[PDB]
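Just the one chain here, laid out as structure tokens, in the form deposited in one PDB entry.
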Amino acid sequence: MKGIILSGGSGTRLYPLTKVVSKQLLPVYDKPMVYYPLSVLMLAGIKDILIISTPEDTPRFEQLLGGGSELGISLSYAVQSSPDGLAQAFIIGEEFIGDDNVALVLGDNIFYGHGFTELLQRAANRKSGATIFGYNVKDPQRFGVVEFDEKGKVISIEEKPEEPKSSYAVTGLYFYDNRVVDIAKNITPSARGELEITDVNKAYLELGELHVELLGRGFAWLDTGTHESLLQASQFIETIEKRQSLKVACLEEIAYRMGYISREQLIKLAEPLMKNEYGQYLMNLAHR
């Protein structure tokens, strides 16, 4: 499976933070925001990944992450000339996707919880249909909202409904089979002027092929869309990492743990970083 990170947009709410930095280049505690959705695609077993951003920001992501060889993966880049909708990812990424299935993750989403790696690899290995991930939230009108059965069967899906049909947000992580490219070409802009991922999911729902996994109250799903929520997410990660010997979304660690790179290769990455705690972390891991 291939994966795309949609890592553009204006980040208007975070102004002036986003006047000269992409929202997805801002810190979440100790690492750039984009590390977090990238880690999710890596843990799903996805090694061929396209990162989409604005004309100004795309080369900044490429500066940060490179072509992926350090992580035993392939990273490519594409520009989105205007933030015209999530569904544009599959239009921009058409040549990249080819005939393959593809996962999409939103650049400003932070997922964390027990059992997630297993859940990801399951979804990544499903060959047909769309898999979306629901989460019970306080203000469901702020999100795509999914309404489902006692058996977990989807009934409806709506983008930012004024009257939400349930409390379950549709989070920014989606797994699709190859139909999604032609689906995305056939949707049209909503009232917000955007080619909506919710309309991609509606197409699968019409076919009876939209499948929801509920993440559960024990899972953390945050986004960094406001100054307050960005700061809370940073605090959340700090609290986790302080207690444990372990980092969240440490890309080099994940590359090693997923078998994408060797112990020796991890040492080589750790060497030029031994001057900081991050390199020290990687080196301790290599020597375990």
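Sequential numbering from 1, following the sequence displayed. Superpose the two forms; the largest set of C-alphas matching within 1.5 Å is the rigid core. Only residues modelled in both forms are compared.
From this point on, the text means the form deposited in another entry, which you will not see here.
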Original post:
Among 138, 114, 127, 192, whose C-alpha is off by 2 Å or more between this form and the one not shown on a rigid-core fit?
Top reply: 192
**OP:** Once the core is aligned, please say if the CA of residue 277 is shifted by at least 2 angstroms between this form and the one not shown.
**Re:** yes
**OP:** Provide the ranges, sorted by sequence, of consecutive runs with at least 3 residues in which each Cα shifts 2 Å or more between this form and the one not shown, based on a superposition on the core.
**Re:** 191-193, 244-246, 275-277
